[PDB]
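To start, the structure itself, in structure tokens.
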Amino acid sequence: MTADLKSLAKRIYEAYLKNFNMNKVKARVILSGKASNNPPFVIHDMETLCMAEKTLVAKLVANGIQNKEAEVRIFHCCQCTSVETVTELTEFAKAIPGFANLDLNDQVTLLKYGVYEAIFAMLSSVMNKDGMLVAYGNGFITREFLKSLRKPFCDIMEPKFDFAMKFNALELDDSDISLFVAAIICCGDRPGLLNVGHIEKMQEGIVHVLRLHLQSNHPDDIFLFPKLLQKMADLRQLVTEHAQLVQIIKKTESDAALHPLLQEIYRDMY
Ligand SMILES: *c1ccc([N+](=O)[O-])cc1C(=O)Nc1ccccc1
Ligand SMILES: *c1ccc([N+](=O)[O-])cc1C(=O)Nc1ccccc1
Ligand SMILES: *c1ccc([N+](=O)[O-])cc1C(=O)Nc1ccccc1
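If you count the sequence shown from 1, position 18 lands on 216 in PDB author numbering, and the numbers rise without skipping.
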């Protein structure tokens, strides 16, 4: 672990912090409650959802959804967070060594397949066995209430909870996750890459830092690196299955539109 690797790991850790408002330390302190007696507003039934919705009533009417189904309202706002994280993620990639120096069409292809793998990865930071933080930790929507929603919407988030529980068990911190997200973006395995060489050289540099950092920060978890590698595989499958459910929902739910930026991501993906 040379001084250059430490630096590369902290400069990525820094970009991670300065591009993602919500991190695992903020979420773990909100969820713990040892830094405030003002817990987030809990959303467990349809009534509590409408109470919370009273805060963004303007945005609901401007999008033509206030009178739609609760399932449509939730996952119409869920799409905004996705677009935000795709933006935060794009600016985060500008910190990966040699990423900006790649062909523009490559940068899009890497983010096209990686953002949702990174999203579901970071989404674990705000999750526990009972729910997830929403609105920058101001709210907490419960896992049961998400399952109670009618099909197929109840089938959207439950798989992600299943991933997070086993993923949080690894007990990664923001230092580990920033390098994990950087690794997800630099997969030379994506379909439709022009310079498959430049990327691989860029990945092995990021992957190298991830392994060494994980061996130093979590020395007792001897095979923590291999496990995360398996977690990347799992994430690819998770996003693959996700895009399938989003297509099925776009074609069988007239009230559920697909955000333009998100459509392009999902188009001709899997
Ligand atoms: C999205 C869907 C529903 C609600 N709600 O009914 O409370 C809120 C949101 C949302 O994204 N809120 C928010 C506000 C400010 C900053 C981030 C997120
Ligand atoms: C949907 C997708 C992602 C997130 N997130 O990671 O913060 C949150 C949501 C969501 O459903 N937010 C929400 C907040 C308040 C009321 C309803 C829904
Ligand atoms: C994002 C956050 C909140 C709301 N809302 O309270 O209605 C809506 C959105 C949003 O992204 N709506 C949308 C869906 C599809 C295409 C463009 C915009």
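Idealized CB from N, CA, C, for every residue including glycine.
Query, Result
"7 Å Cβ shell around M363 - same chain, five flanking residues per side excluded", "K327"
"Environment of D304 [buried if 16+ CB atoms lie within 10 Å]", "buried"
"Which residues DSSP lists as bridging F239, in chain order", "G337"
"Selected residue, minimal CA-CA separation from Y314, among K449, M430, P458", "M430"
"heavy atom of ligand 2 below 7 Å from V324 C-beta", "yes"
"C-beta contact flag for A454 and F273 at 8 Å", "yes"
"Nearest candidate by alpha-carbon position, reference residue 477, set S280, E439, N217, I383", "Residue 477 lies beyond the range of the chain shown here (199 to 468); nothing can be said about it."
"Distance, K266 Cα to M199 Cα", "55 Å"
"Anticipated Cβ contact below 8 Å, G329 with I317, distance rounded", "In fact, because the Cβ distance is near 18 Å, the residues do not count as touching under 8 Å."
"Whole-angstrom C-beta distance between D353 and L247, which should lie under 8 Å", "Not really, about 18 Å apart at Cβ, beyond 8 Å."
"For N326: DSSP bridge partner residues", "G329"
"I397 versus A298: straight-line alpha-carbon distance, rounded", "11 Å"
"Candidates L344, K232, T283: closest to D243 by CA position", "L344"
"Distance cut-off 7 Å: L309 Cβ against heavy atoms of ligand 1", "no"
"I375 Cβ short of 7 Å to ligand 2 heavy atom set", "no"
"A319 burial status per 10 Å Cβ neighbour count (16 or more: buried)", "buried"
"For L321 and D419, the rounded distance between their alpha carbons", "23 Å"
"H457 beta carbon near ligand 3 (any heavy atom closer than 7 Å)", "yes"
"Residue environment, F365, which counts as buried when at least 16 other CB atoms sit within 10 Å", "buried"
"Unbroken alpha helix (DSSP H) run spanning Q435, endpoints", "422 to 450"
"Sub-8 Å separation of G335 and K425 beta-carbons", "no"
"For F361 and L436, believed in contact at Cβ under 8 Å, the rounded distance", "6 Å"
"Cβ-based neighbour list, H440, same chain, cut-off 7 Å, excluding 5 preceding and 5 following", "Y314"
"Counted within 10 angstroms of its Cβ, other Cβ atoms place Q461 as buried (16 or more) or exposed", "exposed"
"Where the alpha helix (DSSP H) containing residue 480 begins and where it ends", "A query on residue 480 cannot be resolved here, the shown segment of the chain reaching from 199 to 468 and no further."
"Cα-Cα separation between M400 and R434, rounded to whole angstroms", "20 Å"
"Among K232, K449, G337, the one whose alpha carbon lies nearest that of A250", "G337"
"Whole-angstrom distance between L459 and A291, CA atom to CA atom", "18 Å"
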